[PDB]
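Undergrad: please find the sequence and an experimentally derived structure below.
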Amino acid sequence: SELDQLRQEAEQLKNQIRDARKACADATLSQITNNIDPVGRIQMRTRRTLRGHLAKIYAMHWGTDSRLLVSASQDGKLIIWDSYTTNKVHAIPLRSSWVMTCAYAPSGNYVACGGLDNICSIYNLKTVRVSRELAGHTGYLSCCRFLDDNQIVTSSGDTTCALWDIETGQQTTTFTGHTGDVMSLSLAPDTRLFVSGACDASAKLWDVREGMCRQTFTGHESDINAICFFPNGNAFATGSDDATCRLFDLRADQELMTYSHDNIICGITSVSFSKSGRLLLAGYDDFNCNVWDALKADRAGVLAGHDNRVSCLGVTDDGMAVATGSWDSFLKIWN
Amino acid sequence: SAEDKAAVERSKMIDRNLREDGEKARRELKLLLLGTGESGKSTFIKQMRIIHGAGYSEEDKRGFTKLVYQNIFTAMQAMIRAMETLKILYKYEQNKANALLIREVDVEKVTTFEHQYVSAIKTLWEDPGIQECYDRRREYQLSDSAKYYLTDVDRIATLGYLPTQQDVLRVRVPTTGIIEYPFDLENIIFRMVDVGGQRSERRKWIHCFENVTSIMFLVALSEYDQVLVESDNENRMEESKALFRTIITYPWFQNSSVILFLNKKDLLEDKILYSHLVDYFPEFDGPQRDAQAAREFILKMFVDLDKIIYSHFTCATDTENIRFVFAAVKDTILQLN
Amino acid sequence: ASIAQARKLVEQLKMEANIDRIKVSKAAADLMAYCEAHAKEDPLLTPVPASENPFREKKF
Ligand SMILES: Nc1nc2c(ncn2[C@@H]2O[C@H](COP(=O)(O)OP(=O)(O)O)[C@@H](O)[C@H]2O)c(=O)[nH]1
Ligand SMILES: [Cl-]
Ligand SMILES: [Zn+2]
């Protein structure tokens, strides 16, 4: 059978990949980092409470000025906040309140959001008016991130990601290969690559300009809800339904470390590294953020300031602060 | 700072707008329609637009034209497939070629109803073999509006065809995103929501619906004689009931009022004359050929599982019936809230 | 139908197989070196003076 021989060859190739990865696994990260000092207790304070949303917050994204941020809620509003003063700068009424993601363009000129409408809507902050509705996904918009004012990458419950030309409203490139809903994406620092995490329990590394999947990583049969790059672009971390964060190395082409406690069994919604990469912060369904030592795997601290799920988080580009957003309708800024 | 003071006043003006919007949001009631495909959800939404919204103008009707054509092709493609699967013969040799022509239509791209295709459709529909296959539709998936459109193919094929309100009520509007239709009634905003077009993993978005005001669960009464061949001959109505049970036992719907609409009561009245409920549910002890006995049995079965379930029989394509039933349901929902 | 999907999977697996990989020991040393080189620049790890923290300044 032609289909049986192709099925057999795919099994041979999966073994070849398994064996090549084993050949590189000469020591573990934990062994390599054994002698570095612990970070010791991380004890951040709530510096700001951002009040104004009237329903669950699903997403947030910092502006590149480390000062303005955008948040999205099932109250049908995107709010742009000045974190330093807590002043609201804009409140944008959404046509669809069923929002799952938002993004701040690096220029500060636009924001984006979408969700169960299957559309990535772009809003012009220097005009506030909807400037584009990007239609083409056939399932929910789970995540979006601008490359520039004319290009945005999206992930979808339709199992694809896409790169869009905002002016034309078309998908330039469709990234196919996941077999389950894609939940999250993260752009490499150099914007050459991005990673996606999906309900097929895999993370995929994609070449933005070439359109292909370069590498696939398995996340142990748990949905990946959140994904983030390590700051040098050579590794990334995932957060999954099974209460576990995982670090993956691109050049060694494998998982290096897990971060979990047996007495935490709830889902992870969100992940981010600190500016140096030493801390991995994750948001949990149990209403807390846990801060992990990325090199040594010990928990370094907690952020406990919410009365419902922590749905989203983000670390400023200047490294100065963490934002948490929550189903309790509040954001908090910590450091 | 003048600039700093202006930024504070801008923030306060935004807070005013958010408070106003919050006041309005407290007047909103979310009605989540649930139920398997073909149960009546999209038709119910269209009726709300007819009864309590802007209805359908000439221009609106014109917009639905190509979808009427697509429903026709989809129906005939289903019957062509069933001829092969059930091994039923065409009476007319010409229908071999007609079936191939229709089979190869890309329905998504249909914007016209050209003479070539109209002739093929009519000749297929008039074949006694296709009529025999139509009579065996409980064994496959065919729209309950297929016969309606095919009977009226001449009207639909005429140059200048404008869809009727019934044509609109019956047409499939394809979408794989969320459907929300809000309407005003008595200073309340009803937000009617249908997720049945979504093909993605429900676990990732079901929490978007925590504590909705009301769940309206639609069941086709007419599916009592259909079995799922893949699910150990599970009756389709047993699958609908299992879905219903998952809904009513879901922890974040415990505060939601639950309204069960046993829809397609008109189709039950016809089917019960030839397809016997006792063959599918041998516990049934009522007379044969008796629609009232059958629908009473189906109701008692569906809710044979603390929580109160309200229920009504409906015909979702009958505007007067939906006007009557929803008047009562609105009273219940408002009293509870 | 399925032969096309299956060929696509094989081609993808060949692409994934035929990459240059480094030792985990090197990969780990490089992550550790990065963290060490950037630790002083990381306010969440290495507290900055109150006057440099915009969220503590009485200014705002
Ligand atoms: N005769 C009849 N047709 C109905 C009734 N309810 C719905 N339909 C039709 O059956 C088809 C499927 O119903 P639809 O509302 O699309 O179900 P959905 O898949 O849940 O949205 C459409 O052509 C409807 O107009 C009913 O009570 N009687
Ligand atoms: Cl009622
Ligand atoms: Zn009632």
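TA: Now that the structure is in, tell me what you want to look at. Numbering: from 1, shown residues only, chains lettered A, B, ... in the order given. Ligands and ions are numbered 1, 2, ... in the order given.

Undergrad: ok, now which ones touch residue B:56?
TA: Shown in contact with residue B:56 (CB atoms under 8 Å, 6 or more residues apart in numbering or on different chains): B:49-50, B:165, B:168. Every residue, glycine included, has its C-beta placed from N, CA and C.

Undergrad: quick one: the helices in chain C, in order.
TA: With DSSP state H as the criterion, chain C has helices at C:2-17, C:24-38.

Undergrad: single out the most deeply packed of those helices.
TA: Comparing the helices of chain C by mean neighbour count (mean count of other CB atoms under 10 Å in any protein chain shown), helix C:24-38 ranks first with a mean of 19.

Undergrad: say whether chain A is contacted by that helix.
TA: Yes - applying CB under 8 Å from any CB of the partner chain, one finds helix C:24-38 touching chain A at C:24-32, C:34-36, C:38.

Undergrad: please state the offset of that helix from the chain centre?
TA: Relative to its parent chain, helix C:24-38 has a centroid offset of 11 Å by CA atoms, centre = their mean, to the nearest Å.

Undergrad: tell me which helix or strand comes right after the host helix or strand of residue B:247.
TA: In the assignment (DSSP states H and E), residue B:247 maps to helix B:236-248. As assigned by DSSP H and E, the chain's next helix or strand after helix B:236-248 is strand B:257-263.

Undergrad: ok so, going back, reformat the helices of chain C as TSV; add distance to residue A:91.
TA: Below are those laid out as TSV (distance: least, CB to CB, whole Å):
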stretch	distance to residue A:91
helix C:2-17	45
helix C:24-38	37
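
Undergrad: who wins for proximity to ligand 2 among those helices?
TA: Closest approach to ligand 2 among the helices of chain C is made by helix C:2-17 (48.4 Å; CB to the ion).

Undergrad: what sits against residue A:306?
TA: A:287-288, A:324, A:326-328, A:330, A:332 are the contacts of residue A:306 under CB under 8 Å, 6+ apart.

Undergrad: and if you look at residue B:158?
TA: Going by CB under 8 Å, 6+ apart, the list of residues near residue B:158 is empty.

Undergrad: longest helix of chain B?
TA: Per DSSP H, chain B has its longest helix at helix B:2-25.

Undergrad: touching chain C at all, that one?
TA: No - taking CB under 8 Å from any CB as the criterion, helix B:2-25 and chain C are apart, separated by no less than 9.8 Å.

Undergrad: so what's residue C:6 closest to, chain neighbours aside?
TA: Nearest non-adjacent residue to residue C:6, counting by CB to CB, 6 or more residues apart in numbering or on different chains: residue A:6, 4.0 Å away.

Undergrad: assign that neighbour to helix, strand or coil.
TA: Put simply, residue A:6 is helix when judged by DSSP: H, G, I helix; E, B strand; the rest coil.

Undergrad: what number of residues lie near residue A:290?
TA: Neighbour count of residue A:290, defined by other CB atoms under 10 Å in any protein chain shown: 24.

Undergrad: could you say which helix or strand holds it?
TA: Element membership for residue A:290, per DSSP H and E: strand A:289-293.

Undergrad: next, the buried residues of that strand.
TA: Residues of strand A:289-293 classed as buried: A:289-293 (neighbour count, 16 or more other CB atoms under 10 Å in any protein chain shown).

Undergrad: quick check, nearest of those residues to chain C?
TA: Distance to chain C, by CB to the nearest CB, is smallest for residue A:291 among those, at 8.2 Å.

Undergrad: that closest one touches residue A:299, doesn't it?
TA: Yes - using CB atoms under 8 Å, residue A:291 makes contact with residue A:299 at a distance of 7.0 Å.

Undergrad: got a list of what residue B:148 touches?
TA: By CB under 8 Å, 6+ apart, the neighbours of residue B:148 are B:166, B:170.

Undergrad: now do the SS call for it.
TA: What three-state DSSP gives for residue B:148 is helix.

Undergrad: circling back to that earlier point, from ligand 2, how far off is the residue nearest to residue C:6?
TA: Distance of residue A:6 to ligand 2, given as CB to the ion, to the nearest Å: 56 Å.

Undergrad: what lies in contact with stretch B:186-198?
TA: Applying CB under 8 Å, 6+ apart, the external contacts of stretch B:186-198 come out as A:116, A:139-140, A:157, B:24, B:27-35, B:37, B:41-42, B:44-45, B:48, B:52, B:174-184, B:202, B:205, B:209, B:212, B:330, B:334.

Undergrad: ends of stretch A:70-89, what's the gap?
TA: One end of stretch A:70-89 to the other measures 10 Å (CA to CA, to the nearest Å).

Undergrad: repeat that for stretch B:311-326.
TA: Start-to-end span of stretch B:311-326 (CA to CA) is 11 Å.

Undergrad: also stretch B:131-146?
TA: 12 Å.

Undergrad: list the buried residues in that stretch.
TA: Neighbour-count burial for stretch B:131-146 flags B:133-134, B:137, B:142-146 (criterion: 16+ other CB under 10 Å).

Undergrad: distance from the chain centre to whichever strand or helix holds residue A:103, please.
TA: In this assignment (DSSP H and E), residue A:103 forms part of strand A:99-104. Computed by CA atoms, centre = their mean, the chain-centroid distance of strand A:99-104 equals 11 Å.

Undergrad: how about the contacts of residue A:306 in TSV, adding neighbour count and secondary structure?
TA: Below are the contacts of residue A:306 laid out as TSV (neighbours: other CB atoms under 10 Å in any protein chain shown; DSSP: H, G, I helix; E, B strand; the rest coil):
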residue	neighbour count	secondary structure
A:287	19	coil
A:288	19	coil
A:324	27	strand
A:326	26	strand
A:327	23	coil
A:328	18	coil
A:330	20	coil
A:332	23	strand
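
Undergrad: closest to residue B:108 among those?
TA: The shortest gap between residue B:108 and any of these belongs to residue A:327, at 38.4 Å (CB to CB).

Undergrad: give me the neighbour count for the closest residue to residue C:48 other than its chain neighbours.
TA: Spatially, and ignoring its direct neighbours in sequence, residue C:48 is nearest to residue A:320 (7.4 Å; CB to CB, 6+ apart). Neighbour count for residue A:320, taken as other CB under 10 Å: 22.
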